[PDB]
Amino acid sequence: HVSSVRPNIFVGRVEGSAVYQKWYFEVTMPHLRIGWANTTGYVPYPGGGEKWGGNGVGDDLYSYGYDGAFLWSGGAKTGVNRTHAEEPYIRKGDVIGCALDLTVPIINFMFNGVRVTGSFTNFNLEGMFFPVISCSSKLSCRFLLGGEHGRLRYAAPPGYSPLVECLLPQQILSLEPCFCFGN
Ligand code: NA
């Protein structure tokens, strides 16, 4: 009953770049986790090609999730302060903010425009990061990427870009050296 979705959006670290290294998106509306997954979590598949090594965001070593009450990575959960005392920790109308600063690196979360006290730091930067929701049946959640792809309810943090700006052109020489493809 638990599925994961991502848009076809991948961001990655450019050594020493001061532009488009910080990304923000929101999610709005049983299991529900939101965050970022890194493509290092993909593993070889017998026939050939690769499959995702985990079930949902936060269950493998290379994804980083938040369910309203806990931070998740590598299948471990870390309690944070919460807006609802009991499950469901994320309710209809609530809006989850999710932020990735590749220069630190650090991943932060927000609940209804309030910063979550808890973050992911010092994580692997090889490969690329994509936004992800892991949801059970009977839940319908939407990525808010900015622009006409889902209006953000909150201002992106200072220095951060909505993911819809992945559609803007950048010069190739300014996008290297990068770590998106595995050293
Ligand atoms: Na890249």
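The basis for the numbers below is simple: all heavy atoms, side chains too, and nothing from hydrogens, waters or symmetry mates. When a residue number appears, it is its place in the shown sequence, counting from 1.
- Within the 4.5 Å cutoff, no side-chain heavy atoms of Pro162 are placed close to those of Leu145.
- No donor-acceptor pair under 3.5 Å is formed between the side chain of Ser3 and the backbone N or O of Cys135.
- Relative orientation of the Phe25 and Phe143 rings is tilted, given thresholds of 30° and 60° on the angle between their planes.
- By the ring-ring contact (aromatic ring centres under 6.0 Å, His included) test, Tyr64 is found to be paired with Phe120, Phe123, residues two or more places apart in sequence or in another chain being considered.
- A donor-acceptor pair under 3.5 Å is absent between the side-chain atoms of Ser4 and the main chain of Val132, judged by distance alone.
- Partners of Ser161 by side-chain hydrogen bond (donor to acceptor under 3.5 Å, both in side chains), not counting sequence neighbours, listed by chain and number: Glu165.
- Under the side-chain hydrogen bond (donor to acceptor under 3.5 Å, both in side chains) criterion, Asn122 pairs with no residue at all, not counting sequence neighbours.
- For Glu176, the side-chain hydrogen bond (donor to acceptor under 3.5 Å, both in side chains) test picks out no residue, with sequence neighbours left out.
- The aromatic rings of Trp72 and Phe70 stand perpendicular to each other, their planes meeting at an angle above 60°, with 30° marking the opposite boundary.
- Using a 4.0 Å cut-off between charged side-chain N and carboxylate O, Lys77 and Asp67 make no salt bridge.
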N/O donor-acceptor pairs under 3.5 Å from side chains in residues 8-19, not counting sequence neighbours:
residue : atom : partner : partner atom : Å
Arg13   : NH1  : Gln21   : OE1          : 3.0
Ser17   : OG   : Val19   : N            : 3.2
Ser17   : OG   : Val19   : O            : 3.2

Q) For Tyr66 and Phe109, what are the C-alpha separation, side-chain angles and deciding distance, and is it a ring-ring contact (aromatic ring centres under 6.0 Å, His included)? A) CA-CA 7 Å; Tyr66 168 60; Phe109 298 94; 5.1 Å; yes
Q: Output, in order, the C-alpha distance, side-chain angles, deciding distance and verdict of side chain to side chain donor-acceptor pair (under 3.5 Å) for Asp94 and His84.
A: CA-CA 10 Å; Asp94 295 331; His84 303 302; 2.8 Å; yes
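- For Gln170, there are no side-chain hydrogen bond (donor to acceptor under 3.5 Å, both in side chains) partners, not counting sequence neighbours.
- No side-chain heavy atom of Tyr89 sits under 4.5 Å from any side-chain heavy atom of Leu32.
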